[PDB]
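Participant: This one is an experimental structure. Sequence first:
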Amino acid sequence: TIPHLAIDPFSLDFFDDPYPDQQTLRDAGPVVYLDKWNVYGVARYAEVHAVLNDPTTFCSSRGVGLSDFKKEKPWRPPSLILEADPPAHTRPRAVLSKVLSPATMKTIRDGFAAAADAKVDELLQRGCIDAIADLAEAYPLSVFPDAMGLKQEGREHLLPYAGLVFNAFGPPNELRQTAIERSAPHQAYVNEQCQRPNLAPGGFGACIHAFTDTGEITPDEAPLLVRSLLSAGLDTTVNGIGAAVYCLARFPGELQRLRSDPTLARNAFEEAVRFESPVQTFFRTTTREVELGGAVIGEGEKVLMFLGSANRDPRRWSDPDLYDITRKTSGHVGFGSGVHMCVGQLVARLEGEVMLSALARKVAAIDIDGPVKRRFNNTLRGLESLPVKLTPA
Ligand code: HEM
Ligand SMILES: CCOc1ccc(C(=O)O)cc1
Ligand SMILES: [Cl-]
């Protein structure tokens, strides 16, 4: 009943151009079996959405990578939020939700915006820049570690640590095994900075620790929650902003619409998240026999959700392959959906918004003027290098 496919969604060939293979995965059926890794796959919007929204049947506590925590040792202590199910999940989630709240956004907004304006000003002085190193990396590096309350020393460990985390959700290919074999210094650094004494007052980190006396989390839980933010909070935004600039570079008509109305910045970023889906994939594990899209899946099976594919499913989206900054994006699954839906999305959107606003007001054109190089990662989609010429407005 379930078609079997030999496509490796974690191969460099796939990362290099995933879209044909994603259509093959969607059109093969609502549920496929991926023989390469012995997992089920869902690539259409409807099934991806259904799976995300049934956490009881499709759990996270057995890991959201290929590895089944019931069978293998997790490479690091499990995340108390990403790799937990309700009810264990519920209070740590509530804490990070309050730490990364509307009120918090109000306190950091002017600073994040000034930094974005300053960066664009600097880049315009240079003219010819690398929009990855000099913008998509440099801008989040200039605001997020400080917002966390990290010391200056050791920050060069943060992106390596993130690349390791997102590679480790993958199968045991070379990407994953190389990451893990280089991991020790990055782990050591990150774990140390998660301790209360090492986090500056007023940062996200200290704020997590301040929540330890409410009964929601205990003091021994706070370091792992800080670890979640240091895992997820940077490299995601790097690839989101990189995606947005790439889109604007490839669709000059949309840059021009954004210039004429900079208040489109926020949606222009959201559309970039749907269109590129910097977070491509996550797994769930079935806790029982389940029927999905008229197909039956046994208990304890890994299920691979293609978020990027769901965000380009023509069953859900009109002209999915077009970057449209006035699209109604609501419902896209680039931040996930349901109880695990990105708890940091207000930070991601804030960063993305103020950067695209700065570009909207200051830049007249973005032209690719060098070879584009992709960055390969088992979970993240994005570029290594994006050489562009920026023309001032
Ligand atoms: C454009 C940037 C980002 C994208 C595309 C993104 C994507 C996602 C996705 C798809 C999930 C769902 C995982 C699942 O269902 O298993 C998620 C969860 C999560 N994200 Fe984000 N993320 C981004 C930025 C951030 C930022 C900036 C932070 C923190 C400051 C963050 C922290 C987290 C955490 C802690 C979770 C786990 C939430 C839970 O399990 O309840 N992310 N993110
Ligand atoms: C795209 C979401 O990525 C992550 C990665 C790690 C964690 C965590 O360590 O809790 C959460 C989300
Ligand atoms: Cl670690």
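Facilitator: Thanks, I have it. Numbering: from 1, shown residues only. Ligands and ions are numbered 1, 2, ... in the order given.

Participant: Look up how far residue 91 lies from the residue of the stretch 251-393 of the chain found nearest ligand 3.
Facilitator: At 16.1 Å from ligand 3, residue 379 is the closest residue in the stretch 251-393 of the chain, using Cβ to the ion. (C-beta placed from N, C-alpha, C; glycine too.) Using Cβ to Cβ, to the nearest Å, residue 379 is found at 26 Å from residue 91.

Participant: more neighbours, these two?
Facilitator: residue 379 (24 against 19; other Cβ atoms under 10 Å).

Participant: Now residue 122: which helix or strand?
Facilitator: Using DSSP states H and E, the element containing residue 122 is helix 102-126.

Participant: what about that helix, near ligand 1?
Facilitator: No: contact of helix 102-126 with ligand 1 (Cβ under 6 Å from any ligand atom) is absent, the minimum separation being 10.3 Å.

Participant: same deal with stretch 241-261?
Facilitator: No: applying Cβ under 6 Å from any ligand atom, one finds stretch 241-261 separated from ligand 1 by no less than 7.8 Å.

Participant: Same question for stretch 348-358.
Facilitator: Yes: residues of stretch 348-358 contacting ligand 1 under Cβ under 6 Å from any ligand atom: residue 348.

Participant: ok, residues contacting that stretch?
Facilitator: 105, 108-109, 112-113, 115-117, 119-120, 135, 139-140, 143-144, 236-237, 240-241, 244, 248, 258, 262, 265-266, 268-270, 272-273, 335, 342 (Cβ atoms under 8 Å, 6 or more residues apart in numbering).

Participant: can you give me the strands in the stretch 51-200 of the chain?
Facilitator: Counting by DSSP state E, counting those that start in this stretch, one finds strands in the stretch 51-200 of the chain at the ranges 58-59, 128-130.

Participant: For ligand 3, find the nearest of those strands.
Facilitator: That would be strand 58-59 among the strands of the stretch 51-200 of the chain, by Cβ to the ion, at 22.2 Å.

Participant: Adjacent strands (with direction) for the closest one?
Facilitator: strand 281-286 (antiparallel) (DSSP bridges).

Participant: Show me what from this protein comes close to ligand 2.
Facilitator: Near ligand 2, when you scan the chain using Cβ under 6 Å from any ligand atom, you find 79, 81-82, 165, 227-228, 231-232, 236, 279.

Participant: Spell out the secondary structure type for the closest residue to residue 363 other than its chain neighbours.
Facilitator: Among residues not flanking residue 363 along the chain, residue 390 sits closest, at 5.5 Å (Cβ to Cβ, 6 or more residues apart in numbering). In terms of secondary structure, residue 390 is strand; the call rests on DSSP: H, G, I helix; E, B strand; the rest coil.
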